[PDB]
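Cβ sites come from the backbone with ideal geometry, for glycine too, and all protein chains shown count toward neighbours. FYI, it's all coordinate maths here, none of it is from the lab.
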Amino acid sequence: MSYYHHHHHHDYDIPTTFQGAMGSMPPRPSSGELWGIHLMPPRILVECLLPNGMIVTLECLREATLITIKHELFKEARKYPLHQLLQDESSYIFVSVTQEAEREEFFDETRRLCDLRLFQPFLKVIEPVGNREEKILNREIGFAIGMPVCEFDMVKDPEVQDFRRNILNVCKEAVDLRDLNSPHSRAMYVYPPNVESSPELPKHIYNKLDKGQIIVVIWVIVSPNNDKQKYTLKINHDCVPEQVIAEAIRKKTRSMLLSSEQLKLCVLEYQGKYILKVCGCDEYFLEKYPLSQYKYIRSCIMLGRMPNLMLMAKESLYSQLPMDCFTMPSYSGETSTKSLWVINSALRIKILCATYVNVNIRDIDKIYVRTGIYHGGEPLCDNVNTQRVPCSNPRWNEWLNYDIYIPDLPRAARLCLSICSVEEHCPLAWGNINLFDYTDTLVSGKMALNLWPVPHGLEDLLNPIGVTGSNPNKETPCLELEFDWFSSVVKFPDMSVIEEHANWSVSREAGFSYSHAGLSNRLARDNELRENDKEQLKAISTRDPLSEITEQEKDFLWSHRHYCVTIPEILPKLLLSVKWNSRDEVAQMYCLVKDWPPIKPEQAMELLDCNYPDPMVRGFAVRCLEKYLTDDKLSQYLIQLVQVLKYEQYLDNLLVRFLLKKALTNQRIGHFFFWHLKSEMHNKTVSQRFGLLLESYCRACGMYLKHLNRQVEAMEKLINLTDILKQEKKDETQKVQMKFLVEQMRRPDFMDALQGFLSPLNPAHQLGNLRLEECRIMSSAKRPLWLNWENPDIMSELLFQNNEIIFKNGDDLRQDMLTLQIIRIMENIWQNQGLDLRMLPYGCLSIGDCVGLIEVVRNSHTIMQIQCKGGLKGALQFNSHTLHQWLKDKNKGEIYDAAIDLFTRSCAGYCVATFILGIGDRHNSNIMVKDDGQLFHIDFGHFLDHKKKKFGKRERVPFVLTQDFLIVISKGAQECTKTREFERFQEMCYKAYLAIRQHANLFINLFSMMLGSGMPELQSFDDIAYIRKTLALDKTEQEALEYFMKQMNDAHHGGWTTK
Amino acid sequence: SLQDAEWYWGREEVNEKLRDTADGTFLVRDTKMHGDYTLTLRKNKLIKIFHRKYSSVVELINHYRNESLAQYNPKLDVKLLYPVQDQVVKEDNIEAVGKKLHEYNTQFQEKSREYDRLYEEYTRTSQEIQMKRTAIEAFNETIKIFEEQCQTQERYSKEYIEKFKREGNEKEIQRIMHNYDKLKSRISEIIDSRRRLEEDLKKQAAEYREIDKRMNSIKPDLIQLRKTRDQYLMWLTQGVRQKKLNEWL
Ligand SMILES: COc1ccc(N)cc1F
């Protein structure tokens, strides 16, 4: 007791006191097959309501089809009365109330009772009501989306209905590209060519080619199927599929009964009939790119593999393509107005009352409404109201007066308000509104605003980055209010009007005279500027987004705005230097942006974050994408572009139309476009928006809807199974759990639902039959499922006979998702700029609320295992060499030398990325090494040093190289730190660090665009400021290098020299 | 004095000191081949100080503590009003200020878990509530289909009583009335299922309010507990000991 000074804690108790003890797995909840029960009983009674009014309950097996149930119902209805009042069973269809509270008519009678999502186990019989049975396969769409389509139809809002009708413009326009040169262009939508951005090849790839040649293998089939024939080529790396197809045919059809010329004529008739498949997955080579430019080839080179392609007949392909067959749905500014520039008054806003406010009167003294106008940043002095009727029934009936003229409101203006407590200053709730509506109409009259709760990381009072609009959830502070009505609906000026007032503002400046102190605004330079300024302006240009601009530099920029056209890349900085509270300036800015030079997408993506909310700007930004952003480079950045939709003011905008169209032009984009939208559907910030967009996609995507509907059904199966495992089958043995898993998966509803479908991680890979013996639950507390499928390709053997991917209910995958994305982008940055560090950014996909998929990498082990398996007899200590010993056991000969090179190449890459991103501390169980010698990290945790939110200038080193790694880096030598093996390794790290330092603008912007997603690690820009220190962007590169050397020296305690 | 200067500290760590101060609060910062010093006035407005005059750095700032910045540059109608080691129990101990930093940081970190716990309960409860609301619309819809059924059978059954009648007058109509009796007390069960949900909904929304209520009482303490813990860490760094800190924290 003398340990604790006998000081008791009376409050503490252990009669079940928390989710600390056995602490994992918090995603709950979501209900399964029936209301209030995850998995319906294996034999169940179901009420069958008939047309004659008779209720017969008949026991069904849970897995029984509706054809089985109807057939039995109309046998069992004979024994009940009024049998002559029934028609033949064929004159009838089932219907019932589902868990979504809609009465879903059950048209596909092959479906099983468990799969219907029934709420209460009962069925009603009726004759099929709507003459278009076809039209009521919006069930397909609403199953894919997860909310029923009818739910939109009874939305009142004119914008939503205007989105739904107008967006079809895009859908029809996409389908019209698909069926243009059909069947080729259809095959192109379905199987778009999987191709790198560059035809140009890295020198280290080129040097594996012996003067630009690869050995390929073309495979063919003849009779009946199943017997296959190699035809090993040795073609040029930069020859096209058509040329490779000829050679395979040439060599297939040379012969002793065929002259040279006779062969040439047999080649021409045969050559055009085929196209190249990748053996083992639905990938193809459908247009003229260099073979090397297709991803599969370029990877086959890197891994030291011989590409295995198949010669596929075009008609056996145009067999497997369907008709995409678009169909318009059922659902197929009125009068003149007073321009905003006429309104001669200030802005004022009447704050009436908040109703549902939950505060302790014993704790809090007084509460008030803070307010402010914004554009990302604020166009005036931020004001409050008085601290009236504190806590109890808070009612202020005040007009707040904002020092801004109504004409000087920008198109993208937004009121950001918040109820606060009292220096005891402290926000309760918040909510923002666009001061104009989607039809450009200045908002007047009465408005009710249901508010949002303050999130974790926000200490600030107001939160203007937060989503524009009322909360859907009713039971929350409903602060209602009134806007000044000016005897006419006030609309925003036309562009033709802004052009004229701008062209006037210019010529008015031309007569402003000799001396103008605070020159800042205007140049006084004429057509001839000074060389020192034109040098300073490019210096500003180069500075990253987060290097905030001074009021001097702003004005300096805004004056020379017309020279700023010669340096397009300045535009982000220029725009932030406009006075948006001066329409004179904003009108002129609209004229520059109108015909500003297009810029590179990686620079134009800055213009779609929350600091650039203006339509004209964001237009130019999408104009940049429409020109440059390739279908490859788009899907690289798709996660960031979907997130950036949140910062658009209105549903209907140019960016949504861009992405939607692309997704309908390319099914590989479509596939991930669906899943990132679908992922966030649980979040009420965007449920409405993303549903609408997902409706548009689903209605226009052709037969992939039916593929997605299988994927979706397979995930929902797994979401239940795990949700049962994590609730009722916790406090059981693995033994007991696994016996439950295998039972369930063998039932026919699971066997139907989890077998023939496409991997959401990569829909190229098919998933065939489940191999249940290699299926299992992992040891993690979250109860992830290790799942395994037979690759049902013709050429399984050539690629992988078994696909296998981990499904993890209860862990938020989107942090990992993003870092693995950043790693993939760092790798391309290094490698395409000629230096071969090898990251393994394994696949990860979040498909819902803390539910997702992780690519298994076969033949890789945690350092911990390496050491567990290599631990000697009596448990004394683990050897540092055992990693090295284990790696040698796998690689012997010249193979050993190359394995170390790889290990050292992968160790240098992952050290620099890890340090830069500040990911979670690395250790034995989250670092992995492969049999061939490549190393890579898993389970990243928190990216931008989220553990610095407690205490935190820590500039942490997460990958700290114990001796283990250095032994392996420098073969076997005592005092590893001092070999040339390690000198090299260091110079890999320095060249790597400087590469990511010269692409810092990108990585800033990627993180800037991800603020939208409510990731606790990305709450606001100074989260992303960590990446500045770690990269050292305020310093010169020579100091930066030394900074990194310094940073690395102290973590490793010696070993980092001048060089 | 010019090195001390109170407000003179000598980008990222500037924002965290300007974070959650009022309109008018400021400080001065230090590439040299760029400019010299940087006034960071919050309204975060950065204003350059060029040196070739600035007569001194302290000269320029005391003028604008009295007077606004509107006459210098049009849209800066705000003064240098708040020129932000005061309390911290005035402990000139060094070690004992360091122990207090652990004490408050354990209390802060304790408090952030309680705040994080309740933000999950809140959002689970907002989910669980609306799941119940939809279920009630499902029940209410379920009930319409059963209320329609007991109606639907009366139309057809009371046609099949009057026509004929004598043909199994009770043999027919018993087993028609039995079905009708099962139908209506089934409705009685469904309704009593629904009623019982709505009582839970109000008991849930009650707890929902009680979570939010205690979130708003944990917040203001969490802000000041953090703010006191930062000045306790400022006071220390005014001996360097950047590395010694971590065991307390
Ligand atoms: C077309 O095959 C199907 C696949 C999955 C479901 N649910 C229904 C089907 F008819």
**OP:** Select the strands (runs of 3 or more DSSP E) contained entirely in region A:358-477, then report the ones holding at least 3 residues which are within 31 Å of the chain's Cα centre (by Cα).
**Re:** A:414-421, A:426-434
Original post:
Just a yes or no: is a residue in region A:901-917 in a helix (DSSP H, G or I) and of a type in the set (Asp, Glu)?
Top reply: yes
Original post:
From the list B:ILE176, B:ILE187, B:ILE211, B:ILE191, which residue is under 30 Å from B:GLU120 (Cβ atoms) and either assigned to a helix (DSSP H, G or I) or of a type outside the set (S, T, N, Q) (or both)?
Top reply: B:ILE211
Subject >> Condition broken by A:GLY691, with the remaining ones in (1) surrounded by fewer than 19 Cβ atoms within 10 Å (Cβ to Cβ); (2) part of a helix (DSSP H, G or I) satisfied >> reply: (1)
Original post:
Counting only residues that are touching an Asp or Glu at 6+ places or on another chain (Cβ under 7 Å) and not in a loop (DSSP other than H, G, I, E, B), which one in region A:945-993 is farthest from B:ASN105 (Cα to Cα)?
Top reply: A:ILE969
Original post:
In region A:894-917, how many are of a type in the set (D, E, K, R) and either surrounded by 20 or more Cβ atoms within 10 Å (Cβ to Cβ) or at positive phi (or both)?
Top reply: 1
Original post:
Of the residues that sit in region B:1-28 and are β-branched (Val, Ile, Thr) and outside any helix (DSSP H, G or I), which one is nearest to the other protein chains (Cβ to nearest Cβ)?
Top reply: B:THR21
Original post:
Applying the selection to region A:704-758, what residues are within 16 Å of the ligand (Cβ to nearest atom) and not in a helix (DSSP H, G or I)?
Top reply: A:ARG747, A:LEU754, A:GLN755, A:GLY756, A:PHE757, A:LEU758
Original post:
Tally time: how many residues in region B:132-158 are within 7 Å of chain A (Cβ to nearest Cβ) and farther than 15 Å from B:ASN179 by Cβ?
Top reply: 7
**OP:** Give B:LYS75, B:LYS90, B:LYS79 a once-over and let me know the one that is more than 11 Å from chain A (Cβ to nearest Cβ), surrounded by fewer than 16 Cβ atoms within 10 Å (Cβ to Cβ) and either closer than 21 Å to A:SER687 by Cβ or not hydroxyl-bearing (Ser, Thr, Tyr) (or both).
**Re:** B:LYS90
Original post:
How many residues does region A:471-487 hold that are surrounded by fewer than 19 Cβ atoms within 10 Å (Cβ to Cβ) and either in contact with a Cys (Cβ under 7 Å, 6 or more places away or on another chain) or not charged (D, E, K, R) (or both)?
Top reply: 7
Subject >> Residue in region A:5-25 that is farthest from B:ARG113 (Cα to Cα), counting only those that are surrounded by 10 or more Cβ atoms within 10 Å (Cβ to Cβ) and polar (S, T, N, Q) >> reply: A:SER24
Original post:
Of (1) in a loop (DSSP other than H, G, I, E, B); (2) surrounded by 15 or more Cβ atoms within 10 Å (Cβ to Cβ); (3) not β-branched (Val, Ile, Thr), A:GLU247 satisfies all except one. Which?
Top reply: (1)
Original post:
Residues in region B:30-49 that are within 23 Å of B:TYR82 (Cα to Cα), within 10 Å of chain A (Cβ to nearest Cβ) and not β-branched (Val, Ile, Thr): how many?
Top reply: 7
Original post:
Does B:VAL84 satisfy being β-branched (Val, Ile, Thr), away from chain A (no Cβ under 11 Å) and assigned to a helix (DSSP H, G or I)?
Top reply: no
Original post:
Filter region A:844-893 for residues that are under 17 Å from A:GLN934 (Cβ atoms) and acidic (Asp, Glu); which is surrounded by the most Cβ atoms within 10 Å (Cβ to Cβ)?
Top reply: A:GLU855
**OP:** Restrict the check to region A:673-688 and report whether at least one residue is within 16 Å of the ligand (Cβ to nearest atom), in contact with a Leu (Cβ under 9 Å, 6 or more places away or on another chain) and either more than 14 Å from chain B (Cβ to nearest Cβ) or among the aliphatic types (A, V, I, L, M) (or both).
**Re:** no
